[PDB]
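A quick write-up on the structure given underneath.
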Amino acid sequence: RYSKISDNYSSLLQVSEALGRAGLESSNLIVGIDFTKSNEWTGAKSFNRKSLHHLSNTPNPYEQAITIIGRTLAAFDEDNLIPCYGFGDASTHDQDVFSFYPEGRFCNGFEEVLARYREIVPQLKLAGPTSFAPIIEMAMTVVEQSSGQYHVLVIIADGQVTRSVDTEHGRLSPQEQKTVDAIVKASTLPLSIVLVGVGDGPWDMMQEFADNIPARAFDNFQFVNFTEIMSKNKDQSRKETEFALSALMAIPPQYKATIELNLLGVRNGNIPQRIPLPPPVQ
Ligand SMILES: [Mg+2]
Ligand code: NA
C-alpha cells in the first residue's frame, strides 16, 4: 500500500503538501534517540559492519531518518523548535532521558538537531537496556506543558523493547509493561508516536507487539521499519518518500482524532512531570 502511494511522490515537499491537504495544521515535533550499545553491532548487515552511530562524511541511519522526517514536517512547526532527547546511554539506561542541551533547551530546526547529535555522539557511553517509557513520558510532559498543542514524537531505535527471559510463557518485562502503559496513557493527550526502527533488528516481533497494544481512544502509535524500506530495489528519492509516507501519512487522521475527542488545546491535569537529565557531555 505505502509503495503504491509513494510511487506518485517524487519529493518530500510533495509529501508535506499532501499532509497539509489531509488536514495537518500547526504541528510540533519531539525527537528521541536510542544510544544503546547494541548500535555497535546492529549495522552488521544494514550498515556495512559499522556502528549505527558511526560518524563520517556519509549520514548514518539516525541522521538519515532525522533528515527525512525533519524536512517533511518543518513547514508545520510554527516556532521551529524541536525538543530532543537521548536514552539508553550509561547516564540514562532504561530509566531516564537526557536533553540534547542543558536546562532542556529545545533545538532550533532539524538542522540543529543533526549538528548537536554529531557533537554529542562521540562523548556518550552507550548502554541499555531498552524501554520507551521514559521518552514517551517525556513527550507527555512536553505536550502538557505546551497547554495541549499537537505533537508528533519520533523515536528512532535499533531494537524492540527489552523482553522477559520468560517471554515464551507469556510474561512481560518491566520495560514492556511500562512502555505499553505509557503508550496507553499518551492517548489521553494530543500526541502521536512514531517508532522508527533502524539497523538489523530483528524487527519481526515488533509489528506484532504494536498490534497487541490495548485499545485506545485513538490509534496513537505506529512502527516503521526504516531499514526494510531503504533496503528495497527502487529509486532513493522514492524510498525516501515511501519512508516519509509510511511514517507520517497516519498523522493527519490522528490529529483530526485529537480534535474529535477534544484533546487538542487542553491540559489533561494528570501527567507526571518528567525531568530530563542534562546531556552527559563537556
Ligand atoms: Mg539497542
Ligand atoms: Na513547535
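Going through the C-alpha cells in order, the chains are called A, B, and so on, while each chain numbers its residues from 1 and the ligands are numbered from 1 in the order shown.
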Requested in this report: Give as number ranges by chain the residues surrounding ligand 2 up to a distance of 8 Å, considering only C-alpha atoms and all ligand atoms.
Outcome: A: 26-29, 77-82
Go ahead and write the selection's residues with C-alpha atoms as an mmCIF file, in the first residue's frame.
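Contents of part_5.cif, freshly written:
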data_model
loop_
_atom_site.group_PDB
_atom_site.id
_atom_site.type_symbol
_atom_site.label_atom_id
_atom_site.label_comp_id
_atom_site.auth_asym_id
_atom_site.auth_seq_id
_atom_site.Cartn_x
_atom_site.Cartn_y
_atom_site.Cartn_z
ATOM 1 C CA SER A 26 0.182 23.515 13.386
ATOM 2 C CA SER A 27 2.256 20.502 14.420
ATOM 3 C CA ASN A 28 5.153 20.153 16.827
ATOM 4 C CA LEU A 29 7.972 17.589 16.708
ATOM 5 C CA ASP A 77 6.279 23.610 13.028
ATOM 6 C CA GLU A 78 5.467 27.267 13.599
ATOM 7 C CA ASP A 79 8.217 28.026 16.120
ATOM 8 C CA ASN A 80 10.696 25.592 14.503
ATOM 9 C CA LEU A 81 11.617 24.216 17.957
ATOM 10 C CA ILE A 82 12.348 20.538 18.426
#
Compile a residue-level contact table for range 133-182 of chain A against range 231-249 of chain A at a cut-off of 12 Å, reporting for every qualifying residue the shortest atom pair and its distance in Å to one decimal, with only C-alpha atoms counted, rows ordered by chain and ascending number, as a Markdown table.
| residue | atom | partner | partner_atom | distance |
| --- | --- | --- | --- | --- |
| A:152 | CA | A:248 | CA | 9.3 |
| A:153 | CA | A:248 | CA | 11.1 |
| A:154 | CA | A:247 | CA | 9.0 |
| A:155 | CA | A:247 | CA | 11.0 |
| A:156 | CA | A:247 | CA | 11.4 |
Would you export the selected residues with C-alpha atoms as a PDB file, in the first residue's frame, please?
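Saved file part_22.pdb follows:
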ATOM      1  CA  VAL A 152       4.465  14.080  16.991  1.00  0.00           C
ATOM      2  CA  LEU A 153       7.064  12.100  18.931  1.00  0.00           C
ATOM      3  CA  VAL A 154       9.528  10.296  16.684  1.00  0.00           C
ATOM      4  CA  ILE A 155      11.592   7.642  18.469  1.00  0.00           C
ATOM      5  CA  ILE A 156      14.492   6.294  16.457  1.00  0.00           C
TER       6      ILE A 156
END
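The shortest atom-to-atom distance to residue 157 in chain A, with only C-alpha atoms taken into account, belongs to A:86 out of A:134, A:252, A:122, A:86.
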Query - Nearby residues, ligand 1, 9 Å, only C-alpha atoms and all ligand atoms, as a list in words - result: residues 34, 35, 36, 37, 38, 39, 40, 42, 88, 127, 128, 129, 130, 157, 158, 159, 160, 161, 162 and 201 of chain A
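Between residue 186 in chain A and the candidates A:99, A:67, A:268, A:225, the tightest atom-to-atom separation, counting only C-alpha atoms, involves A:268.
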Query - Spatial neighbours of residue 47 in chain A, 12 Å, only C-alpha atoms, chain gap at least 2 places, as a VMD selection string - result: chain A and resid 39 to 45 49 to 54 58 to 62 198 to 200 227 230 to 231
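Proximity to residue 107 in chain A at 12 Å, evaluated using only C-alpha atoms and with sequence-adjacent residues fewer than 5 positions away removed, yields residues 29, 30, 31, 70, 79, 80, 81, 82, 83, 84, 85, 99, 100, 101, 102, 112, 113, 114, 115, 116 and 117 of chain A.
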Excluding residue 259 in chain A and any residue of its chain fewer than 2 positions from it, enumerate the residues within 12 Å of it, using only C-alpha atoms, and give them as an mmCIF file with N, CA, C and O atoms, in the first residue's frame.
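File around_25.cif, as written:
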data_model
loop_
_atom_site.group_PDB
_atom_site.id
_atom_site.type_symbol
_atom_site.label_atom_id
_atom_site.label_comp_id
_atom_site.auth_asym_id
_atom_site.auth_seq_id
_atom_site.Cartn_x
_atom_site.Cartn_y
_atom_site.Cartn_z
ATOM 1 N N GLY A 23 -5.202 17.666 6.121
ATOM 2 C CA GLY A 23 -5.739 18.381 7.264
ATOM 3 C C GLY A 23 -4.751 18.694 8.372
ATOM 4 O O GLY A 23 -5.130 19.248 9.403
ATOM 5 N N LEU A 24 -3.486 18.363 8.162
ATOM 6 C CA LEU A 24 -2.474 18.671 9.172
ATOM 7 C C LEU A 24 -2.271 20.175 9.245
ATOM 8 O O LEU A 24 -2.133 20.857 8.220
ATOM 9 N N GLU A 25 -2.277 20.697 10.466
ATOM 10 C CA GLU A 25 -2.103 22.118 10.682
ATOM 11 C C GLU A 25 -0.873 22.331 11.554
ATOM 12 O O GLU A 25 0.143 21.650 11.363
ATOM 13 N N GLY A 148 -1.437 21.511 25.652
ATOM 14 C CA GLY A 148 -2.209 20.667 24.761
ATOM 15 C C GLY A 148 -2.025 20.901 23.275
ATOM 16 O O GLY A 148 -2.907 20.575 22.481
ATOM 17 N N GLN A 149 -0.885 21.461 22.887
ATOM 18 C CA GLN A 149 -0.635 21.618 21.467
ATOM 19 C C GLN A 149 -0.254 20.263 20.877
ATOM 20 O O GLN A 149 0.308 19.423 21.567
ATOM 21 N N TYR A 150 -0.620 20.038 19.621
ATOM 22 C CA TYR A 150 -0.428 18.735 18.985
ATOM 23 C C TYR A 150 1.050 18.452 18.718
ATOM 24 O O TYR A 150 1.758 19.279 18.127
ATOM 25 N N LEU A 189 -3.701 12.393 25.518
ATOM 26 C CA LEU A 189 -3.120 13.687 25.117
ATOM 27 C C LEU A 189 -3.076 13.800 23.599
ATOM 28 O O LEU A 189 -3.115 12.795 22.911
ATOM 29 N N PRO A 190 -2.970 15.033 23.063
ATOM 30 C CA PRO A 190 -2.855 15.211 21.611
ATOM 31 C C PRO A 190 -1.445 14.929 21.110
ATOM 32 O O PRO A 190 -0.676 15.831 20.757
ATOM 33 N N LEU A 191 -1.120 13.645 21.083
ATOM 34 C CA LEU A 191 0.237 13.184 20.846
ATOM 35 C C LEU A 191 0.209 11.969 19.928
ATOM 36 O O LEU A 191 -0.561 11.017 20.148
ATOM 37 N N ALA A 217 -8.431 5.404 22.765
ATOM 38 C CA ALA A 217 -9.447 6.287 22.202
ATOM 39 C C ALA A 217 -9.117 6.665 20.761
ATOM 40 O O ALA A 217 -10.008 6.930 19.957
ATOM 41 N N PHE A 218 -7.830 6.694 20.433
ATOM 42 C CA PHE A 218 -7.421 6.797 19.036
ATOM 43 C C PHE A 218 -6.116 6.024 18.848
ATOM 44 O O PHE A 218 -5.415 5.758 19.820
ATOM 45 N N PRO A 252 -2.094 13.013 9.952
ATOM 46 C CA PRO A 252 -3.284 13.875 9.879
ATOM 47 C C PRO A 252 -4.588 13.242 10.421
ATOM 48 O O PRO A 252 -5.315 13.940 11.131
ATOM 49 N N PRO A 253 -4.889 11.964 10.109
ATOM 50 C CA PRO A 253 -6.076 11.393 10.761
ATOM 51 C C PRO A 253 -5.975 11.339 12.287
ATOM 52 O O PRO A 253 -6.991 11.504 12.968
ATOM 53 N N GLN A 254 -4.776 11.111 12.826
ATOM 54 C CA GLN A 254 -4.619 11.115 14.278
ATOM 55 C C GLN A 254 -4.859 12.519 14.841
ATOM 56 O O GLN A 254 -5.547 12.691 15.849
ATOM 57 N N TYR A 255 -4.288 13.517 14.184
ATOM 58 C CA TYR A 255 -4.534 14.900 14.554
ATOM 59 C C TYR A 255 -6.037 15.220 14.563
ATOM 60 O O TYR A 255 -6.558 15.790 15.531
ATOM 61 N N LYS A 256 -6.735 14.837 13.494
ATOM 62 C CA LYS A 256 -8.181 15.019 13.438
ATOM 63 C C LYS A 256 -8.884 14.317 14.597
ATOM 64 O O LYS A 256 -9.827 14.853 15.176
ATOM 65 N N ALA A 257 -8.417 13.123 14.957
ATOM 66 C CA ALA A 257 -8.986 12.425 16.102
ATOM 67 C C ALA A 257 -8.790 13.191 17.416
ATOM 68 O O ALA A 257 -9.658 13.149 18.291
ATOM 69 N N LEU A 261 -11.984 14.131 19.769
ATOM 70 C CA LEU A 261 -12.008 13.750 21.177
ATOM 71 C C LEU A 261 -11.841 14.945 22.119
ATOM 72 O O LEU A 261 -11.856 14.780 23.339
ATOM 73 N N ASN A 262 -11.667 16.133 21.541
ATOM 74 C CA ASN A 262 -11.425 17.372 22.287
ATOM 75 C C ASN A 262 -10.202 17.300 23.193
ATOM 76 O O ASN A 262 -10.218 17.798 24.319
ATOM 77 N N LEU A 263 -9.142 16.675 22.698
ATOM 78 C CA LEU A 263 -7.885 16.635 23.443
ATOM 79 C C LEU A 263 -7.018 17.842 23.121
ATOM 80 O O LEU A 263 -6.163 18.260 23.921
ATOM 81 N N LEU A 264 -7.247 18.413 21.939
ATOM 82 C CA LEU A 264 -6.404 19.487 21.448
ATOM 83 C C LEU A 264 -6.612 20.756 22.269
ATOM 84 O O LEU A 264 -7.747 21.202 22.476
ATOM 85 N N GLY A 265 -5.512 21.321 22.746
ATOM 86 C CA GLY A 265 -5.537 22.636 23.357
ATOM 87 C C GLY A 265 -5.971 22.623 24.808
ATOM 88 O O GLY A 265 -6.207 23.676 25.403
ATOM 89 N N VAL A 266 -6.063 21.439 25.410
ATOM 90 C CA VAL A 266 -6.402 21.414 26.823
ATOM 91 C C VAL A 266 -5.385 20.619 27.612
ATOM 92 O O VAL A 266 -4.669 19.773 27.069
#
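Minimum distance to residue 194 in chain A across A:206, A:140, A:224, A:180 (counting only C-alpha atoms) occurs at A:224.
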Requested in this report: Per DSSP on the backbone, filter range 39-203 of chain A down to the residues in helix (DSSP H, G or I) and report them as a PyMOL selection string.
Outcome: chain A and resi 39-40+61-76+102-104+110-123+133-145+167-169+174-186
Query raised in the report: Any idea what's packed within 8 Å of residue 183 in chain A, counting only C-alpha atoms, ignoring anything in its chain fewer than 6 positions away? Could you give it as an MDAnalysis selection string?
Result: chainID A and resid 133 136 220:221
Report task. Using DSSP on the backbone, list every residue of range 116-199 of chain A that comes out as strand (DSSP E or B), and give them as number ranges by chain. Result -> A: 126-127, 151-157, 191-197
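The closest residue to residue 15 in chain A, picked from A:192, A:72, A:212, A:48 and counting only C-alpha atoms, is A:72.
Take the candidates A:272, A:278, A:32, A:20 and check each one against residue 104 in chain A using only C-alpha atoms; the shortest distance goes to A:278.
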